[PDB]
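Asker: One file: final.pdb (PDB, C-alpha atoms).
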MODEL        1
ATOM      1  CA  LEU A   7       0.000   0.000   0.000  1.00  0.00           C
ATOM      2  CA  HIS A   8       1.234   3.452  -0.666  1.00  0.00           C
ATOM      3  CA  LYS A   9       0.306   6.927   0.426  1.00  0.00           C
ATOM      4  CA  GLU A  10      -0.507   9.459  -2.307  1.00  0.00           C
ATOM      5  CA  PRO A  11      -0.782  13.243  -1.892  1.00  0.00           C
ATOM      6  CA  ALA A  12      -4.093  15.080  -1.738  1.00  0.00           C
ATOM      7  CA  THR A  13      -5.409  18.518  -0.687  1.00  0.00           C
ATOM      8  CA  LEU A  14      -8.362  19.117   1.516  1.00  0.00           C
ATOM      9  CA  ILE A  15     -11.231  20.690  -0.244  1.00  0.00           C
ATOM     10  CA  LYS A  16     -13.744  20.367   2.559  1.00  0.00           C
ATOM     11  CA  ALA A  17     -14.684  18.348   5.577  1.00  0.00           C
ATOM     12  CA  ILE A  18     -18.040  16.553   5.244  1.00  0.00           C
ATOM     13  CA  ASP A  19     -18.728  14.324   8.323  1.00  0.00           C
ATOM     14  CA  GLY A  20     -16.944  11.857  10.626  1.00  0.00           C
ATOM     15  CA  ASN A  21     -16.065   9.330   7.928  1.00  0.00           C
ATOM     16  CA  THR A  22     -16.442  11.394   4.691  1.00  0.00           C
ATOM     17  CA  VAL A  23     -14.224  14.152   3.256  1.00  0.00           C
ATOM     18  CA  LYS A  24     -13.855  15.912  -0.121  1.00  0.00           C
ATOM     19  CA  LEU A  25     -10.312  16.031  -1.479  1.00  0.00           C
ATOM     20  CA  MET A  26      -8.430  17.195  -4.521  1.00  0.00           C
ATOM     21  CA  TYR A  27      -6.838  13.917  -5.665  1.00  0.00           C
ATOM     22  CA  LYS A  28      -4.601  13.788  -8.825  1.00  0.00           C
ATOM     23  CA  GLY A  29      -6.078  17.134  -9.784  1.00  0.00           C
ATOM     24  CA  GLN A  30      -9.762  16.163  -9.573  1.00  0.00           C
ATOM     25  CA  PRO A  31     -12.253  16.780  -6.684  1.00  0.00           C
ATOM     26  CA  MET A  32     -13.271  13.423  -5.154  1.00  0.00           C
ATOM     27  CA  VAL A  33     -15.400  12.442  -2.125  1.00  0.00           C
ATOM     28  CA  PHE A  34     -13.648   9.832   0.055  1.00  0.00           C
ATOM     29  CA  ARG A  35     -15.202   7.436   2.554  1.00  0.00           C
ATOM     30  CA  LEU A  36     -12.902   6.399   5.389  1.00  0.00           C
ATOM     31  CA  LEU A  37     -12.324   2.633   5.126  1.00  0.00           C
ATOM     32  CA  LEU A  38     -13.426   0.413   8.083  1.00  0.00           C
ATOM     33  CA  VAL A  39     -14.978   3.398  10.028  1.00  0.00           C
ATOM     34  CA  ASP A  40     -18.559   2.952  11.080  1.00  0.00           C
ATOM     35  CA  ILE A  41     -20.357   5.894  12.718  1.00  0.00           C
ATOM     36  CA  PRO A  42     -23.320   4.748  14.900  1.00  0.00           C
ATOM     37  CA  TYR A  54     -21.690  11.056  18.677  1.00  0.00           C
ATOM     38  CA  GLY A  55     -22.231  11.733  14.937  1.00  0.00           C
ATOM     39  CA  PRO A  56     -21.667  15.525  15.476  1.00  0.00           C
ATOM     40  CA  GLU A  57     -18.713  14.689  17.692  1.00  0.00           C
ATOM     41  CA  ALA A  58     -17.121  12.420  15.028  1.00  0.00           C
ATOM     42  CA  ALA A  59     -17.799  15.101  12.346  1.00  0.00           C
ATOM     43  CA  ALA A  60     -16.075  17.829  14.431  1.00  0.00           C
ATOM     44  CA  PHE A  61     -13.065  15.581  15.176  1.00  0.00           C
ATOM     45  CA  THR A  62     -12.360  14.624  11.545  1.00  0.00           C
ATOM     46  CA  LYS A  63     -13.062  18.279  10.491  1.00  0.00           C
ATOM     47  CA  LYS A  64     -10.374  19.630  12.933  1.00  0.00           C
ATOM     48  CA  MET A  65      -7.905  16.903  12.120  1.00  0.00           C
ATOM     49  CA  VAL A  66      -8.028  17.437   8.311  1.00  0.00           C
ATOM     50  CA  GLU A  67      -8.328  21.257   8.370  1.00  0.00           C
ATOM     51  CA  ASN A  68      -5.258  21.731  10.613  1.00  0.00           C
ATOM     52  CA  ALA A  69      -3.086  19.349   8.661  1.00  0.00           C
ATOM     53  CA  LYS A  70      -0.200  20.614   6.583  1.00  0.00           C
ATOM     54  CA  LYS A  71      -0.223  17.333   4.578  1.00  0.00           C
ATOM     55  CA  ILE A  72      -3.160  15.018   3.609  1.00  0.00           C
ATOM     56  CA  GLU A  73      -2.463  11.641   2.090  1.00  0.00           C
ATOM     57  CA  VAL A  74      -4.815   8.974   0.749  1.00  0.00           C
ATOM     58  CA  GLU A  75      -3.905   5.324   0.851  1.00  0.00           C
ATOM     59  CA  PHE A  76      -6.076   2.856  -1.166  1.00  0.00           C
ATOM     60  CA  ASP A  77      -6.265  -0.675   0.039  1.00  0.00           C
ATOM     61  CA  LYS A  78      -5.906  -3.709  -2.222  1.00  0.00           C
ATOM     62  CA  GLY A  79      -9.577  -4.286  -2.892  1.00  0.00           C
ATOM     63  CA  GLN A  80     -12.125  -2.161  -4.710  1.00  0.00           C
ATOM     64  CA  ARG A  81     -11.179   1.495  -4.687  1.00  0.00           C
ATOM     65  CA  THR A  82     -14.604   3.143  -5.094  1.00  0.00           C
ATOM     66  CA  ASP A  83     -18.056   2.388  -3.767  1.00  0.00           C
ATOM     67  CA  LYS A  84     -21.316   2.329  -5.787  1.00  0.00           C
ATOM     68  CA  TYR A  85     -21.885   6.047  -5.157  1.00  0.00           C
ATOM     69  CA  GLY A  86     -18.440   6.829  -6.709  1.00  0.00           C
ATOM     70  CA  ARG A  87     -16.663   7.610  -3.390  1.00  0.00           C
ATOM     71  CA  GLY A  88     -13.020   6.719  -2.989  1.00  0.00           C
ATOM     72  CA  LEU A  89     -12.452   3.994  -0.331  1.00  0.00           C
ATOM     73  CA  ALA A  90      -9.218   4.798   1.504  1.00  0.00           C
ATOM     74  CA  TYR A  91      -7.249   5.324   4.669  1.00  0.00           C
ATOM     75  CA  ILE A  92      -6.793   9.103   4.995  1.00  0.00           C
ATOM     76  CA  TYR A  93      -3.686  10.491   6.796  1.00  0.00           C
ATOM     77  CA  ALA A  94      -3.296  13.952   8.259  1.00  0.00           C
ATOM     78  CA  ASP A  95       0.364  14.927   8.906  1.00  0.00           C
ATOM     79  CA  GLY A  96       1.258  11.240   8.905  1.00  0.00           C
ATOM     80  CA  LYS A  97      -1.443  10.205  11.353  1.00  0.00           C
ATOM     81  CA  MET A  98      -4.316   7.980  10.136  1.00  0.00           C
ATOM     82  CA  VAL A  99      -7.697   9.721  10.610  1.00  0.00           C
ATOM     83  CA  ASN A 100      -9.556   6.390  10.489  1.00  0.00           C
ATOM     84  CA  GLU A 101      -7.494   5.061  13.418  1.00  0.00           C
ATOM     85  CA  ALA A 102      -7.638   8.344  15.461  1.00  0.00           C
ATOM     86  CA  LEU A 103     -11.463   8.281  15.349  1.00  0.00           C
ATOM     87  CA  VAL A 104     -11.690   4.758  16.471  1.00  0.00           C
ATOM     88  CA  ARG A 105      -9.010   5.194  19.236  1.00  0.00           C
ATOM     89  CA  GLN A 106     -11.028   8.225  20.514  1.00  0.00           C
ATOM     90  CA  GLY A 107     -14.106   6.008  20.666  1.00  0.00           C
ATOM     91  CA  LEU A 108     -15.909   8.171  18.108  1.00  0.00           C
ATOM     92  CA  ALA A 109     -16.505   5.303  15.602  1.00  0.00           C
ATOM     93  CA  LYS A 110     -16.639   1.499  15.520  1.00  0.00           C
ATOM     94  CA  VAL A 111     -14.609  -0.737  13.175  1.00  0.00           C
ATOM     95  CA  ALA A 112     -16.721  -1.838  10.196  1.00  0.00           C
ATOM     96  CA  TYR A 113     -17.010  -5.229   8.608  1.00  0.00           C
ATOM     97  CA  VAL A 114     -14.324  -5.525   5.936  1.00  0.00           C
ATOM     98  CA  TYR A 115     -15.610  -4.377   2.474  1.00  0.00           C
ATOM     99  CA  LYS A 116     -14.295  -6.354  -0.536  1.00  0.00           C
ATOM    100  CA  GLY A 117     -10.633  -7.140   0.246  1.00  0.00           C
ATOM    101  CA  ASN A 118     -10.021  -3.773   1.959  1.00  0.00           C
ATOM    102  CA  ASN A 119      -8.876  -4.994   5.360  1.00  0.00           C
ATOM    103  CA  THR A 120      -5.151  -4.378   5.379  1.00  0.00           C
ATOM    104  CA  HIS A 121      -5.427  -2.134   8.513  1.00  0.00           C
ATOM    105  CA  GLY A 122      -8.311  -4.011  10.140  1.00  0.00           C
ATOM    106  CA  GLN A 123      -6.279  -5.698  12.889  1.00  0.00           C
ATOM    107  CA  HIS A 124      -4.583  -2.424  13.735  1.00  0.00           C
ATOM    108  CA  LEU A 125      -7.890  -0.526  13.948  1.00  0.00           C
ATOM    109  CA  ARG A 126      -9.546  -3.290  16.028  1.00  0.00           C
ATOM    110  CA  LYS A 127      -6.647  -2.983  18.541  1.00  0.00           C
ATOM    111  CA  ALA A 128      -7.415   0.820  18.753  1.00  0.00           C
ATOM    112  CA  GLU A 129     -11.131   0.059  19.219  1.00  0.00           C
ATOM    113  CA  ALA A 130     -10.452  -2.457  21.953  1.00  0.00           C
ATOM    114  CA  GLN A 131      -8.375   0.186  23.765  1.00  0.00           C
ATOM    115  CA  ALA A 132     -11.169   2.860  23.378  1.00  0.00           C
ATOM    116  CA  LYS A 133     -13.599   0.257  24.780  1.00  0.00           C
ATOM    117  CA  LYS A 134     -11.408  -0.589  27.795  1.00  0.00           C
ATOM    118  CA  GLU A 135     -11.162   3.204  28.495  1.00  0.00           C
ATOM    119  CA  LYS A 136     -14.971   3.528  28.061  1.00  0.00           C
ATOM    120  CA  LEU A 137     -14.569   6.508  25.700  1.00  0.00           C
ATOM    121  CA  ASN A 138     -17.435   8.352  24.102  1.00  0.00           C
ATOM    122  CA  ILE A 139     -19.471   5.690  22.229  1.00  0.00           C
ATOM    123  CA  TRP A 140     -18.173   3.064  24.671  1.00  0.00           C
ATOM    124  CA  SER A 141     -19.732   4.919  27.605  1.00  0.00           C
TER
ENDMDL
END
The structure given in the file should be rewritten as structure tokens.

Answerer:
Amino acid sequence: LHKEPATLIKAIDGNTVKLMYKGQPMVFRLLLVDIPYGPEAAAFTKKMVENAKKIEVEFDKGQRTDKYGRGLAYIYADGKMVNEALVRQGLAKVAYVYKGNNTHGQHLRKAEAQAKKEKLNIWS
């Protein structure tokens, strides 16, 4: 897997963001992030992407867009994965793997388990 450069265009909600990617505007859905705290998750992703000096998108090895045309990726803000930060903060759950895109699933489930043990936010 490899990180590619992108530019924030705008924050949308906890697991959706609009980016300039290879010179075209594209809506991206954060892989493996399930939002059941919806405003809270939205605000967290919004801050994280808008303060970044560097946004990267990392496709997984399965299908790269969903049926609505959204890119399916891990999104990184200054080197930190947004998908993982949300889960570790207890602001989303880890989704069922979609079509071969599971490369970071174990890593994210470890972050979720930690959030759970700490009883954070959704794990109240």

Asker: So, counting only C-alpha atoms, which residue among A:130, A:21, A:13, A:118 is closest to residue 57 in chain A?

Answerer: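 Checking each of A:130, A:21, A:13, A:118 against residue 57 in chain A, counting only C-alpha atoms, the winner is A:21.
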
Asker: With the PyMOL selection byres ((chain A and resi 25) around 9) as the selection, what would be picked from this file? Answer as a list in words, please.

Answerer: residues 12, 13, 14, 15, 16, 17, 23, 24, 26, 27, 30, 31, 32, 33, 34 and 72 of chain A

Asker: Taking all atoms listed in the file into account, name the residue in A:37, A:92, A:125, A:137 that is nearest to residue 108 in chain A.

Answerer: A:137

Asker: From the list A:29, A:20, A:42, A:107, which residue is nearest residue 126 in chain A when using only C-alpha atoms?

Answerer: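 For residue 126 in chain A, the nearest of the candidates is A:107.
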
Asker: Pick out the residues sitting within 12 Å of residue 83 in chain A, and hand them over as an mmCIF file with C-alpha atoms, in the coordinates of the input; count only C-alpha atoms, and ignore anything fewer than 2 positions along from it in its own chain.

Answerer:
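Final file, selection_22.cif:
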data_model
loop_
_atom_site.group_PDB
_atom_site.id
_atom_site.type_symbol
_atom_site.label_atom_id
_atom_site.label_comp_id
_atom_site.auth_asym_id
_atom_site.auth_seq_id
_atom_site.Cartn_x
_atom_site.Cartn_y
_atom_site.Cartn_z
ATOM 1 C CA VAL A 33 -15.400 12.442 -2.125
ATOM 2 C CA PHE A 34 -13.648 9.832 0.055
ATOM 3 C CA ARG A 35 -15.202 7.436 2.554
ATOM 4 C CA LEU A 36 -12.902 6.399 5.389
ATOM 5 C CA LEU A 37 -12.324 2.633 5.126
ATOM 6 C CA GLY A 79 -9.577 -4.286 -2.892
ATOM 7 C CA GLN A 80 -12.125 -2.161 -4.710
ATOM 8 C CA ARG A 81 -11.179 1.495 -4.687
ATOM 9 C CA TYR A 85 -21.885 6.047 -5.157
ATOM 10 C CA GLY A 86 -18.440 6.829 -6.709
ATOM 11 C CA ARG A 87 -16.663 7.610 -3.390
ATOM 12 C CA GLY A 88 -13.020 6.719 -2.989
ATOM 13 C CA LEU A 89 -12.452 3.994 -0.331
ATOM 14 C CA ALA A 90 -9.218 4.798 1.504
ATOM 15 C CA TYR A 115 -15.610 -4.377 2.474
ATOM 16 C CA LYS A 116 -14.295 -6.354 -0.536
ATOM 17 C CA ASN A 118 -10.021 -3.773 1.959
#

Asker: Can you list, as JSON, numbers by chain, every protein, DNA or RNA residue that comes within 8 Å of range 101-106 of chain A when you count only C-alpha atoms, leaving out same-chain residues fewer than 5 positions away?

Answerer: {"A": [39, 58, 61, 62, 111, 125, 128, 129, 131, 132, 137, 138]}

Asker: Using the selection just defined, write its residues with C-alpha atoms as a short mmCIF file (atom, residue, chain, number, x, y, z; two decimals), in the frame of the given file.

Answerer:
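Printed below is result09.cif as written:
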data_model
loop_
_atom_site.label_atom_id
_atom_site.label_comp_id
_atom_site.auth_asym_id
_atom_site.auth_seq_id
_atom_site.Cartn_x
_atom_site.Cartn_y
_atom_site.Cartn_z
CA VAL A 39 -14.98 3.40 10.03
CA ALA A 58 -17.12 12.42 15.03
CA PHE A 61 -13.06 15.58 15.18
CA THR A 62 -12.36 14.62 11.54
CA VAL A 111 -14.61 -0.74 13.18
CA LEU A 125 -7.89 -0.53 13.95
CA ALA A 128 -7.42 0.82 18.75
CA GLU A 129 -11.13 0.06 19.22
CA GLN A 131 -8.38 0.19 23.76
CA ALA A 132 -11.17 2.86 23.38
CA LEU A 137 -14.57 6.51 25.70
CA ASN A 138 -17.43 8.35 24.10
#

Asker: Please rebuild range 61-74 of chain A with N, CA, C and O atoms and return the result as a PDB file, keeping the file's coordinate frame.

Answerer:
ATOM      1  N   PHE A  61     -14.396  16.150  15.017  1.00  0.00           N
ATOM      2  CA  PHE A  61     -13.065  15.581  15.176  1.00  0.00           C
ATOM      3  C   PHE A  61     -12.319  15.419  13.832  1.00  0.00           C
ATOM      4  O   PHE A  61     -11.155  15.898  13.660  1.00  0.00           O
ATOM      5  N   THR A  62     -12.947  14.732  12.870  1.00  0.00           N
ATOM      6  CA  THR A  62     -12.360  14.624  11.545  1.00  0.00           C
ATOM      7  C   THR A  62     -12.161  16.007  10.937  1.00  0.00           C
ATOM      8  O   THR A  62     -11.116  16.257  10.407  1.00  0.00           O
ATOM      9  N   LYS A  63     -13.153  16.910  11.088  1.00  0.00           N
ATOM     10  CA  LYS A  63     -13.062  18.279  10.491  1.00  0.00           C
ATOM     11  C   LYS A  63     -11.769  18.939  11.019  1.00  0.00           C
ATOM     12  O   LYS A  63     -10.946  19.413  10.183  1.00  0.00           O
ATOM     13  N   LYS A  64     -11.576  18.986  12.357  1.00  0.00           N
ATOM     14  CA  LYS A  64     -10.374  19.630  12.933  1.00  0.00           C
ATOM     15  C   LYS A  64      -9.118  18.959  12.436  1.00  0.00           C
ATOM     16  O   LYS A  64      -8.203  19.613  11.960  1.00  0.00           O
ATOM     17  N   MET A  65      -9.091  17.630  12.516  1.00  0.00           N
ATOM     18  CA  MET A  65      -7.905  16.903  12.120  1.00  0.00           C
ATOM     19  C   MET A  65      -7.461  17.177  10.669  1.00  0.00           C
ATOM     20  O   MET A  65      -6.276  17.421  10.430  1.00  0.00           O
ATOM     21  N   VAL A  66      -8.392  17.161   9.704  1.00  0.00           N
ATOM     22  CA  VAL A  66      -8.028  17.437   8.311  1.00  0.00           C
ATOM     23  C   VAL A  66      -7.766  18.924   8.036  1.00  0.00           C
ATOM     24  O   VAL A  66      -6.852  19.233   7.289  1.00  0.00           O
ATOM     25  N   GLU A  67      -8.493  19.852   8.700  1.00  0.00           N
ATOM     26  CA  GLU A  67      -8.328  21.257   8.370  1.00  0.00           C
ATOM     27  C   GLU A  67      -7.006  21.868   8.946  1.00  0.00           C
ATOM     28  O   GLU A  67      -6.459  22.839   8.379  1.00  0.00           O
ATOM     29  N   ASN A  68      -6.524  21.305  10.053  1.00  0.00           N
ATOM     30  CA  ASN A  68      -5.258  21.731  10.613  1.00  0.00           C
ATOM     31  C   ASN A  68      -4.066  21.083  10.028  1.00  0.00           C
ATOM     32  O   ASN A  68      -2.983  21.509  10.331  1.00  0.00           O
ATOM     33  N   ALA A  69      -4.245  20.100   9.123  1.00  0.00           N
ATOM     34  CA  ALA A  69      -3.086  19.349   8.661  1.00  0.00           C
ATOM     35  C   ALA A  69      -2.239  20.225   7.729  1.00  0.00           C
ATOM     36  O   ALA A  69      -2.762  21.046   7.024  1.00  0.00           O
ATOM     37  N   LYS A  70      -0.928  20.059   7.713  1.00  0.00           N
ATOM     38  CA  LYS A  70      -0.200  20.614   6.583  1.00  0.00           C
ATOM     39  C   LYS A  70      -0.063  19.638   5.387  1.00  0.00           C
ATOM     40  O   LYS A  70       0.340  20.033   4.319  1.00  0.00           O
ATOM     41  N   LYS A  71      -0.429  18.377   5.588  1.00  0.00           N
ATOM     42  CA  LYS A  71      -0.223  17.333   4.578  1.00  0.00           C
ATOM     43  C   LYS A  71      -1.381  16.312   4.706  1.00  0.00           C
ATOM     44  O   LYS A  71      -1.557  15.764   5.757  1.00  0.00           O
ATOM     45  N   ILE A  72      -2.109  16.038   3.629  1.00  0.00           N
ATOM     46  CA  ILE A  72      -3.160  15.018   3.609  1.00  0.00           C
ATOM     47  C   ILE A  72      -2.691  13.990   2.589  1.00  0.00           C
ATOM     48  O   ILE A  72      -2.211  14.372   1.498  1.00  0.00           O
ATOM     49  N   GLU A  73      -2.765  12.713   2.964  1.00  0.00           N
ATOM     50  CA  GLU A  73      -2.463  11.641   2.090  1.00  0.00           C
ATOM     51  C   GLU A  73      -3.631  10.663   2.049  1.00  0.00           C
ATOM     52  O   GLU A  73      -4.346  10.494   3.042  1.00  0.00           O
ATOM     53  N   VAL A  74      -3.813  10.039   0.873  1.00  0.00           N
ATOM     54  CA  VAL A  74      -4.815   8.974   0.749  1.00  0.00           C
ATOM     55  C   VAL A  74      -4.090   7.700   0.453  1.00  0.00           C
ATOM     56  O   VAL A  74      -3.094   7.698  -0.291  1.00  0.00           O
TER      57      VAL A  74
END
